[PDB]
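What follows is the content of final.csv, which has CSV, N, CA and C atoms:
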```
chain,number,residue,atom,x,y,z
A,1,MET,N,21.7,-17.6,31.8
A,1,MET,CA,20.6,-17.2,30.8
A,1,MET,C,19.9,-18.4,30.4
A,2,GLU,N,18.7,-18.6,30.7
A,2,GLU,CA,18.0,-19.8,30.2
A,2,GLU,C,16.6,-19.4,29.8
A,3,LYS,N,15.9,-18.6,30.6
A,3,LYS,CA,14.6,-18.1,30.2
A,3,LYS,C,14.7,-16.7,29.9
A,4,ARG,N,13.7,-16.0,29.3
A,4,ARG,CA,13.8,-14.6,29.1
A,4,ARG,C,13.3,-14.0,30.4
A,5,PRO,N,14.1,-13.2,31.1
A,5,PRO,CA,13.7,-12.6,32.3
A,5,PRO,C,13.0,-11.4,32.1
A,6,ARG,N,13.4,-10.4,31.3
A,6,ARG,CA,12.7,-9.2,31.2
A,6,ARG,C,12.5,-8.9,29.8
A,7,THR,N,11.8,-9.7,29.1
A,7,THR,CA,11.5,-9.4,27.7
A,7,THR,C,12.7,-9.0,26.9
A,8,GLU,N,13.8,-9.8,26.9
A,8,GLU,CA,14.9,-9.4,26.2
A,8,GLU,C,15.3,-10.5,25.3
A,9,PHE,N,14.5,-11.6,25.1
A,9,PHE,CA,14.9,-12.7,24.3
A,9,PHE,C,16.1,-13.3,24.7
A,10,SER,N,16.1,-14.2,25.6
A,10,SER,CA,17.3,-14.9,26.0
A,10,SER,C,17.7,-15.9,25.1
A,11,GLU,N,18.7,-16.8,25.4
A,11,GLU,CA,19.1,-17.8,24.4
A,11,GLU,C,18.0,-18.6,24.0
A,12,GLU,N,17.1,-19.0,24.9
A,12,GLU,CA,16.1,-19.9,24.5
A,12,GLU,C,15.2,-19.3,23.5
A,13,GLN,N,15.1,-18.0,23.4
A,13,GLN,CA,14.3,-17.3,22.4
A,13,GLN,C,15.1,-17.0,21.2
A,14,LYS,N,16.3,-16.6,21.3
A,14,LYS,CA,17.1,-16.2,20.2
A,14,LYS,C,17.1,-17.3,19.2
A,15,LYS,N,17.1,-18.6,19.6
A,15,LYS,CA,17.0,-19.6,18.6
A,15,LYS,C,15.9,-19.5,17.8
A,16,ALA,N,14.7,-19.3,18.3
A,16,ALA,CA,13.5,-19.3,17.6
A,16,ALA,C,13.5,-18.3,16.6
A,17,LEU,N,14.0,-17.0,16.8
A,17,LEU,CA,14.0,-16.1,15.8
A,17,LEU,C,14.9,-16.4,14.8
A,18,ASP,N,16.0,-17.2,15.0
A,18,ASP,CA,16.9,-17.5,14.0
A,18,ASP,C,16.3,-18.5,13.1
A,19,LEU,N,15.2,-19.2,13.4
A,19,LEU,CA,14.6,-20.1,12.5
A,19,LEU,C,13.8,-19.4,11.6
A,20,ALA,N,13.3,-18.1,11.8
A,20,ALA,CA,12.5,-17.5,10.9
A,20,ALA,C,13.4,-16.7,10.0
A,21,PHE,N,14.1,-15.7,10.4
A,21,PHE,CA,14.9,-14.9,9.6
A,21,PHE,C,14.2,-14.4,8.5
A,22,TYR,N,12.9,-13.9,8.6
A,22,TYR,CA,12.2,-13.4,7.6
A,22,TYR,C,11.7,-14.3,6.6
A,23,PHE,N,12.0,-15.6,6.6
A,23,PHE,CA,11.6,-16.5,5.5
A,23,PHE,C,10.2,-16.8,5.5
A,24,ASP,N,9.5,-16.9,6.7
A,24,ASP,CA,8.1,-17.3,6.6
A,24,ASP,C,7.3,-16.1,6.8
A,25,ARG,N,7.5,-15.0,6.1
A,25,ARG,CA,6.8,-13.8,6.3
A,25,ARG,C,7.0,-13.3,7.7
A,26,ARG,N,8.1,-13.6,8.3
A,26,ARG,CA,8.2,-13.2,9.7
A,26,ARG,C,8.9,-11.9,9.7
A,27,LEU,N,9.1,-11.3,10.9
A,27,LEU,CA,9.7,-10.0,10.9
A,27,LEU,C,9.0,-9.0,10.2
A,28,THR,N,7.7,-9.1,10.0
A,28,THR,CA,7.0,-8.0,9.3
A,28,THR,C,6.0,-7.4,10.3
A,29,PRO,N,5.4,-6.3,10.0
A,29,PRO,CA,4.5,-5.7,11.0
A,29,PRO,C,3.4,-6.6,11.4
A,30,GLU,N,3.1,-7.7,10.8
A,30,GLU,CA,2.1,-8.5,11.4
A,30,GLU,C,2.6,-9.7,11.9
A,31,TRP,N,3.9,-10.0,11.8
A,31,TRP,CA,4.4,-11.2,12.4
A,31,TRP,C,5.3,-10.8,13.4
A,32,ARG,N,5.7,-9.6,13.7
A,32,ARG,CA,6.5,-9.2,14.8
A,32,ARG,C,5.6,-9.3,16.0
A,33,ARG,N,4.4,-8.8,15.9
A,33,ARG,CA,3.5,-8.8,17.0
A,33,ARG,C,3.0,-10.2,17.1
A,34,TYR,N,3.0,-11.0,16.1
A,34,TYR,CA,2.6,-12.4,16.2
A,34,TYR,C,3.5,-13.1,17.1
A,35,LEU,N,4.8,-13.0,16.9
A,35,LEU,CA,5.7,-13.6,17.8
A,35,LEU,C,5.5,-13.1,19.1
A,36,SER,N,5.5,-11.8,19.3
A,36,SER,CA,5.4,-11.3,20.6
A,36,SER,C,4.4,-11.9,21.5
A,37,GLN,N,3.2,-12.2,21.0
A,37,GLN,CA,2.2,-12.9,21.7
A,37,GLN,C,2.7,-14.0,22.5
A,38,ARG,N,3.4,-15.0,22.0
A,38,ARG,CA,3.8,-16.1,22.8
A,38,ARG,C,5.3,-16.1,22.9
A,39,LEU,N,6.0,-15.1,22.4
A,39,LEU,CA,7.4,-15.1,22.5
A,39,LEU,C,7.8,-14.4,23.8
A,40,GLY,N,7.2,-13.3,24.1
A,40,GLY,CA,7.5,-12.7,25.3
A,40,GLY,C,8.0,-11.3,25.2
A,41,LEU,N,8.5,-10.8,24.1
A,41,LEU,CA,9.0,-9.5,24.0
A,41,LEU,C,8.3,-8.8,22.9
A,42,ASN,N,8.5,-7.5,22.8
A,42,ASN,CA,7.8,-6.8,21.8
A,42,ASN,C,8.5,-6.7,20.5
A,43,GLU,N,7.8,-6.1,19.5
A,43,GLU,CA,8.3,-6.0,18.2
A,43,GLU,C,9.6,-5.2,18.2
A,44,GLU,N,9.8,-4.3,19.2
A,44,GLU,CA,11.1,-3.7,19.2
A,44,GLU,C,12.2,-4.6,19.4
A,45,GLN,N,12.0,-5.6,20.3
A,45,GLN,CA,13.1,-6.6,20.4
A,45,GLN,C,13.2,-7.5,19.3
A,46,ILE,N,12.2,-7.5,18.4
A,46,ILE,CA,12.3,-8.4,17.3
A,46,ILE,C,13.2,-7.7,16.3
A,47,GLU,N,13.0,-6.4,16.1
A,47,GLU,CA,13.8,-5.7,15.2
A,47,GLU,C,15.2,-5.5,15.7
A,48,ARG,N,15.4,-5.5,17.0
A,48,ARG,CA,16.7,-5.4,17.5
A,48,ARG,C,17.4,-6.7,17.3
A,49,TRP,N,16.8,-7.9,17.5
A,49,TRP,CA,17.4,-9.1,17.2
A,49,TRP,C,17.7,-9.2,15.8
A,50,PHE,N,16.8,-8.7,14.9
A,50,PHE,CA,16.9,-8.9,13.5
A,50,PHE,C,18.1,-8.2,13.1
A,51,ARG,N,18.4,-6.9,13.4
A,51,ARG,CA,19.5,-6.3,12.9
A,51,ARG,C,20.7,-6.7,13.6
A,52,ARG,N,20.7,-6.9,14.9
A,52,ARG,CA,21.9,-7.4,15.6
A,52,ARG,C,22.3,-8.7,15.1
A,53,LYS,N,21.4,-9.5,14.3
A,53,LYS,CA,21.8,-10.8,13.9
A,53,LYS,C,22.8,-10.7,12.8
A,54,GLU,N,22.5,-9.7,11.8
A,54,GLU,CA,23.4,-9.7,10.7
A,54,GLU,C,24.3,-8.6,10.8
A,55,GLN,N,23.9,-7.4,11.3
A,55,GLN,CA,24.8,-6.3,11.4
A,55,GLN,C,26.0,-6.5,12.3
A,56,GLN,N,26.0,-7.6,13.1
A,56,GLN,CA,27.2,-7.8,13.9
A,56,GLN,C,28.4,-7.8,13.2
A,57,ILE,N,28.5,-8.3,11.9
A,57,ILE,CA,29.7,-8.4,11.2
A,57,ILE,C,29.6,-7.8,9.9
A,58,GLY,N,28.6,-7.0,9.5
A,58,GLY,CA,28.6,-6.5,8.2
A,58,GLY,C,27.4,-6.9,7.5
A,59,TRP,N,26.4,-7.5,8.1
A,59,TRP,CA,25.2,-7.8,7.5
A,59,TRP,C,25.2,-9.0,6.6
A,60,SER,N,26.2,-9.9,6.6
A,60,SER,CA,26.1,-11.0,5.7
A,60,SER,C,25.5,-12.1,6.4
A,61,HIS,N,25.2,-12.0,7.7
A,61,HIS,CA,24.5,-13.1,8.4
A,61,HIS,C,25.2,-14.3,8.5
A,62,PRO,N,26.5,-14.5,8.8
A,62,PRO,CA,27.1,-15.7,8.9
A,62,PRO,C,26.9,-16.3,10.2
A,63,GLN,N,26.2,-15.7,11.1
A,63,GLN,CA,26.0,-16.2,12.4
A,63,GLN,C,24.7,-16.8,12.6
A,64,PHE,N,24.7,-18.1,13.0
A,64,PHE,CA,23.4,-18.7,13.2
A,64,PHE,C,23.3,-19.0,14.7
A,65,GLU,N,24.3,-19.7,15.2
A,65,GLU,CA,24.2,-20.0,16.6
A,65,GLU,C,25.1,-19.1,17.4
A,66,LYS,N,25.7,-18.1,16.7
A,66,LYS,CA,26.5,-17.2,17.4
A,66,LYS,C,25.7,-16.0,17.7
B,1,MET,N,2.1,-25.9,31.0
B,1,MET,CA,3.1,-26.1,30.0
B,1,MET,C,3.8,-24.9,29.8
B,2,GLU,N,5.1,-24.7,30.2
B,2,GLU,CA,5.8,-23.5,29.9
B,2,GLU,C,7.1,-23.8,29.4
B,3,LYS,N,7.9,-24.8,30.1
B,3,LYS,CA,9.1,-25.1,29.6
B,3,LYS,C,9.0,-26.5,29.1
B,4,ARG,N,10.0,-27.0,28.4
B,4,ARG,CA,10.0,-28.4,27.9
B,4,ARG,C,10.5,-29.2,29.0
B,5,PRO,N,9.7,-30.1,29.6
B,5,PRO,CA,10.1,-30.9,30.7
B,5,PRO,C,10.8,-32.1,30.3
B,6,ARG,N,10.4,-32.9,29.4
B,6,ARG,CA,11.0,-34.1,29.1
B,6,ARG,C,11.2,-34.2,27.6
B,7,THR,N,12.0,-33.3,27.0
B,7,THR,CA,12.3,-33.3,25.6
B,7,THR,C,11.1,-33.6,24.8
B,8,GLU,N,10.0,-32.8,24.9
B,8,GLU,CA,8.9,-33.0,24.1
B,8,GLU,C,8.4,-31.8,23.5
B,9,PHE,N,9.3,-30.7,23.4
B,9,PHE,CA,8.9,-29.5,22.8
B,9,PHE,C,7.7,-28.9,23.3
B,10,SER,N,7.7,-28.2,24.4
B,10,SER,CA,6.5,-27.6,24.9
B,10,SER,C,6.1,-26.4,24.2
B,11,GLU,N,5.1,-25.6,24.6
B,11,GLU,CA,4.7,-24.5,23.8
B,11,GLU,C,5.8,-23.6,23.6
B,12,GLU,N,6.7,-23.3,24.5
B,12,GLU,CA,7.7,-22.4,24.3
B,12,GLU,C,8.6,-22.8,23.1
B,13,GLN,N,8.7,-24.1,22.8
B,13,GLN,CA,9.5,-24.6,21.8
B,13,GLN,C,8.7,-24.7,20.6
B,14,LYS,N,7.4,-25.1,20.6
B,14,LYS,CA,6.7,-25.2,19.4
B,14,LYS,C,6.7,-24.0,18.6
B,15,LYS,N,6.7,-22.8,19.2
B,15,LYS,CA,6.7,-21.6,18.5
B,15,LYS,C,7.9,-21.6,17.6
B,16,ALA,N,9.1,-21.9,18.1
B,16,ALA,CA,10.3,-21.8,17.4
B,16,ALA,C,10.2,-22.6,16.2
B,17,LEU,N,9.8,-23.9,16.2
B,17,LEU,CA,9.8,-24.7,15.1
B,17,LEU,C,8.9,-24.2,14.1
B,18,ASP,N,7.8,-23.4,14.5
B,18,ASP,CA,6.9,-22.9,13.5
B,18,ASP,C,7.5,-21.8,12.8
B,19,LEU,N,8.6,-21.2,13.3
B,19,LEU,CA,9.2,-20.1,12.5
B,19,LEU,C,10.0,-20.7,11.4
B,20,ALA,N,10.5,-21.9,11.5
B,20,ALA,CA,11.3,-22.4,10.5
B,20,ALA,C,10.4,-23.0,9.4
B,21,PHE,N,9.7,-24.1,9.7
B,21,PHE,CA,8.9,-24.7,8.7
B,21,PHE,C,9.6,-25.1,7.5
B,22,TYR,N,10.9,-25.5,7.6
B,22,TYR,CA,11.6,-25.9,6.5
B,22,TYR,C,12.1,-24.8,5.7
B,23,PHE,N,11.8,-23.5,5.9
B,23,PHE,CA,12.2,-22.5,5.0
B,23,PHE,C,13.6,-22.2,5.1
B,24,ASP,N,14.4,-22.3,6.2
B,24,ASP,CA,15.7,-21.9,6.2
B,24,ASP,C,16.6,-23.1,6.2
B,25,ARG,N,16.3,-24.1,5.3
B,25,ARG,CA,17.0,-25.3,5.3
B,25,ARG,C,16.8,-26.0,6.6
B,26,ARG,N,15.7,-25.8,7.3
B,26,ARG,CA,15.6,-26.4,8.5
B,26,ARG,C,14.9,-27.7,8.3
B,27,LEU,N,14.7,-28.5,9.4
B,27,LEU,CA,14.1,-29.8,9.2
B,27,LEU,C,14.8,-30.6,8.3
B,28,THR,N,16.2,-30.5,8.1
B,28,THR,CA,16.8,-31.5,7.3
B,28,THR,C,17.8,-32.2,8.1
B,29,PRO,N,18.4,-33.3,7.7
B,29,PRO,CA,19.3,-34.0,8.5
B,29,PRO,C,20.4,-33.3,9.1
B,30,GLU,N,20.7,-32.1,8.7
B,30,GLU,CA,21.7,-31.4,9.4
B,30,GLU,C,21.2,-30.3,10.1
B,31,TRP,N,19.9,-29.9,10.0
B,31,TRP,CA,19.4,-28.9,10.8
B,31,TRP,C,18.5,-29.4,11.8
B,32,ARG,N,18.1,-30.7,11.9
B,32,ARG,CA,17.3,-31.2,12.9
B,32,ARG,C,18.2,-31.3,14.1
B,33,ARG,N,19.4,-31.9,13.9
B,33,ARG,CA,20.3,-32.0,15.0
B,33,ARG,C,20.8,-30.7,15.4
B,34,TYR,N,20.8,-29.7,14.5
B,34,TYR,CA,21.2,-28.4,14.8
B,34,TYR,C,20.3,-27.8,15.8
B,35,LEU,N,19.0,-27.9,15.6
B,35,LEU,CA,18.1,-27.4,16.6
B,35,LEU,C,18.2,-28.1,17.8
B,36,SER,N,18.3,-29.5,17.8
B,36,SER,CA,18.4,-30.2,19.0
B,36,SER,C,19.4,-29.7,19.9
B,37,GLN,N,20.6,-29.3,19.5
B,37,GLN,CA,21.6,-28.8,20.4
B,37,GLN,C,21.1,-27.9,21.4
B,38,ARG,N,20.4,-26.8,21.0
B,38,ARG,CA,19.9,-25.9,22.0
B,38,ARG,C,18.5,-25.9,22.1
B,39,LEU,N,17.8,-26.8,21.4
B,39,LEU,CA,16.4,-26.8,21.5
B,39,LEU,C,16.0,-27.6,22.6
B,40,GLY,N,16.6,-28.9,22.7
B,40,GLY,CA,16.3,-29.7,23.9
B,40,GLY,C,15.8,-31.0,23.5
B,41,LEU,N,15.2,-31.2,22.3
B,41,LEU,CA,14.8,-32.5,22.0
B,41,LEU,C,15.4,-33.0,20.8
B,42,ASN,N,15.3,-34.3,20.4
B,42,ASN,CA,16.0,-34.8,19.3
B,42,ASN,C,15.3,-34.7,18.1
B,43,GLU,N,16.0,-35.1,17.0
B,43,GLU,CA,15.5,-35.0,15.7
B,43,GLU,C,14.2,-35.8,15.6
B,44,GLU,N,14.0,-36.8,16.4
B,44,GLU,CA,12.7,-37.5,16.3
B,44,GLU,C,11.6,-36.5,16.6
B,45,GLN,N,11.8,-35.7,17.6
B,45,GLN,CA,10.7,-34.8,18.0
B,45,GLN,C,10.6,-33.7,17.0
B,46,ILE,N,11.6,-33.5,16.1
B,46,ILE,CA,11.5,-32.5,15.2
B,46,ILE,C,10.6,-33.0,14.1
B,47,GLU,N,10.8,-34.3,13.7
B,47,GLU,CA,10.0,-34.8,12.6
B,47,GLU,C,8.6,-35.1,13.1
B,48,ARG,N,8.4,-35.3,14.4
B,48,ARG,CA,7.1,-35.4,14.9
B,48,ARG,C,6.4,-34.1,14.9
B,49,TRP,N,7.0,-33.1,15.3
B,49,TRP,CA,6.4,-31.8,15.2
B,49,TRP,C,6.1,-31.5,13.8
B,50,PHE,N,7.0,-31.7,12.9
B,50,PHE,CA,6.9,-31.4,11.5
B,50,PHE,C,5.7,-32.0,11.0
B,51,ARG,N,5.4,-33.3,11.1
B,51,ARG,CA,4.3,-33.8,10.4
B,51,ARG,C,3.1,-33.5,11.2
B,52,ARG,N,3.1,-33.5,12.6
B,52,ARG,CA,1.9,-33.2,13.3
B,52,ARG,C,1.6,-31.8,13.1
B,53,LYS,N,2.4,-30.9,12.5
B,53,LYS,CA,2.0,-29.5,12.3
B,53,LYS,C,1.0,-29.5,11.1
B,54,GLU,N,1.3,-30.2,10.0
B,54,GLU,CA,0.5,-30.1,8.9
B,54,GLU,C,-0.5,-31.2,8.8
B,55,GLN,N,-0.1,-32.4,9.1
B,55,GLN,CA,-1.0,-33.5,9.0
B,55,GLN,C,-2.2,-33.5,9.9
B,56,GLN,N,-2.2,-32.5,10.9
B,56,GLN,CA,-3.4,-32.5,11.7
B,56,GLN,C,-4.6,-32.3,11.0
B,57,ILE,N,-4.7,-31.6,9.8
B,57,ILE,CA,-5.9,-31.4,9.2
B,57,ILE,C,-5.8,-31.8,7.8
B,58,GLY,N,-4.8,-32.5,7.3
B,58,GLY,CA,-4.8,-32.8,5.9
B,58,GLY,C,-3.6,-32.3,5.2
B,59,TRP,N,-2.6,-31.8,6.0
B,59,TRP,CA,-1.4,-31.4,5.4
B,59,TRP,C,-1.4,-30.1,4.7
B,60,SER,N,-2.4,-29.2,4.9
B,60,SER,CA,-2.3,-27.9,4.2
B,60,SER,C,-1.6,-26.9,5.1
B,61,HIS,N,-1.3,-27.2,6.4
B,61,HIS,CA,-0.7,-26.4,7.2
B,61,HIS,C,-1.4,-25.1,7.5
B,62,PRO,N,-2.6,-25.0,7.9
B,62,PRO,CA,-3.3,-23.8,8.2
B,62,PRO,C,-3.1,-23.5,9.6
B,63,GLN,N,-2.4,-24.3,10.3
B,63,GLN,CA,-2.2,-24.0,11.7
B,63,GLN,C,-0.9,-23.4,12.0
B,64,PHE,N,-0.8,-22.2,12.6
B,64,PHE,CA,0.4,-21.6,12.9
B,64,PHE,C,0.5,-21.6,14.4
B,65,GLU,N,-0.5,-21.0,15.1
B,65,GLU,CA,-0.4,-20.9,16.5
B,65,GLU,C,-1.3,-22.0,17.1
B,66,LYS,N,-1.9,-22.8,16.3
B,66,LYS,CA,-2.7,-23.8,16.8
B,66,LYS,C,-1.9,-25.1,16.9
```

Take the structure in this file and express it as structure tokens.
Amino acid sequence: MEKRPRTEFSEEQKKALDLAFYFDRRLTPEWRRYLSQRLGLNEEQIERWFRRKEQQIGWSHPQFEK
Amino acid sequence: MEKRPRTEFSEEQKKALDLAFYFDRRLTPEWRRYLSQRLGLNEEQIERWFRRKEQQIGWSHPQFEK
């Protein structure tokens, strides 16, 4: 896994979304599509990354590189 | 320009750093090297991205995708 092959946010991309984590007005209806433009996947995969980032263990978000 | 060829943060990478912009404790001595690990370039290029992001026009940071 190095590049995103089929709009699924591969590791190279997962990093980027972890830098936002909603702090710069990201992950909102106007910044999900913002990322999509040069990120490569759609807002759906943004919201899937978003919840799978925290919900993996209970929503406390202790995972950053995991 | 699609991938980073020689640790210079290409467009694919520039996006990621714009998601942080220091908001998630990024761009600090412990998160510059954090990014570097899977970002591909060193903390030097983080600080160069950082200042070149805002200083391009006077430090007000109106550029996000530019």

At most 8 Å to chain A: residues in chain B, only C-alpha atoms, as JSON, numbers by chain: {"B": [12, 13, 15, 16, 17, 19, 20, 21, 23, 24, 26, 38, 39]}

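Closest approach to residue 43 of chain A among A:4, A:57, A:10, A:28 is made by A:28 (distances from only C-alpha atoms).
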
7 Å contact set for residue 41 of chain A, all atoms listed in the file, chain neighbours under 4 positions out, as a PyMOL selection string: chain A and resi 6-9+35-37+45-46

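You will find atom N of residue 31 of chain B at 12.2 Å from atom CA of residue 44 of chain B.
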
Distance of atom CA of residue 63 of chain A from atom CA of residue 47 of chain A, expressed in Å to one decimal place: 16.3 Å

Those in chain B with helix (DSSP H, G or I) from DSSP, as a PyMOL selection string: chain B and resi 11-20+32-39+43-54
